[PDB]
Participant: 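Here it is: the structure, laid out below.
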Amino acid sequence: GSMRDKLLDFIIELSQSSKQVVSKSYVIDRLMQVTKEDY
Amino acid sequence: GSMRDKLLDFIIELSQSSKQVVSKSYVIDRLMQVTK
């Protein structure tokens, strides 16, 4: 659902960039946003 | 559930790596595997 859509949007964000390497800290930050829940 | 677990696993893997930048194609491939 929502998490999967957020994951796909992050994949699109990576795919649309011309960069060949990306900041690891940025990837981690974004994935923590993708997985964030409310408890 | 499982998608969250798999992404947490990937976050932990990245966190244990000494790399500061990583292959974008590698990240995309790993994340695409999770979308299945």
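Chain naming here is simple, since letters A, B, ... match the order of the sequence lines and numbering starts at 1 in each. Note: hydrogens, waters and symmetry copies are ignored here, and every other heavy atom, side chains too, is used.
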Participant: So, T35(B) side chain and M32(B) main chain: donor-acceptor pair closer than 3.5 Å or not?
Facilitator: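 At least one qualifying donor-acceptor pair exists.
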Participant: Find the distance between CG (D29(B)) and CG (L14(A)) and round it off to the nearest 0.5 Å.
Facilitator: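 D29(B) CG to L14(A) CG: 11.0 Å, rounded to 0.5 Å.
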Participant: Please say whether more than 12 non-hydrogen atoms of neighbouring residues, nucleotides or ligands are located less than 6.0 Å from CD in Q20(A).
Facilitator: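 Counting other residues, nucleotides and ligands, CD of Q20(A) stays at 12 neighbours or fewer.
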Participant: Heavy atoms only: give me the nearest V34(A)-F10(A) pair and the separation to one decimal.
Facilitator: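 Minimum heavy-atom separation between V34(A) and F10(A): CG2-CB, 4.4 Å.
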Participant: Using modelled atom types only, decide if a donor and an acceptor are shared between the side chain of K19(A) and the backbone of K24(B) within a distance under 3.5 Å.
Facilitator: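 Here the side-chain-to-backbone pair does not exist.
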Participant: Is the closest side-chain heavy-atom distance between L7(A) and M3(A) below 4.5 Å?
Facilitator: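 A side-chain contact is absent here, since even the closest heavy-atom pair is not under 4.5 Å.
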Participant: Mind checking whether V27(A) and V21(A) sit in one hydrophobic cluster, side chains of I, L, V, M, F, W, Y counted as touching below 4.5 Å?
Facilitator: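 They do not share one cluster, since no chain of ILVMFWY contacts under 4.5 Å joins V27(A) to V21(A).
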Participant: Can a donor-acceptor pair be found between the side chains of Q33(B) and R30(B) at a distance below 3.5 Å?
Facilitator: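 There is no such pair (donor and acceptor under 3.5 Å, judged by atom type) between the side chains of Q33(B) and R30(B).
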Participant: Can you tell me how far CZ of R4(A) sits from NZ of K36(B), rounded to the nearest 0.5 angstrom?
Facilitator: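 Output value for this atom pair is 11.5 Å.
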Participant: State yes or no: do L8(B) and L8(A) share one hydrophobic cluster built from I, L, V, M, F, W and Y residues joined by side-chain heavy-atom distances below 4.5 Å, directly or via other members?
Facilitator: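 Per the 4.5 Å side-chain linkage, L8(B) and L8(A) are co-clustered.
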Participant: Rounded to the nearest 0.5 Å, how far apart are CG of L31(A) and CD1 of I11(B)?
Facilitator: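 CD1 of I11(B) is found 5.0 Å from CG of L31(A).
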Participant: Could you pull out the closest heavy-atom pair between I28(A) and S15(B), with the gap in Å?
Facilitator: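 What the structure gives for the nearest pair is CD1-OG, 3.7 Å.
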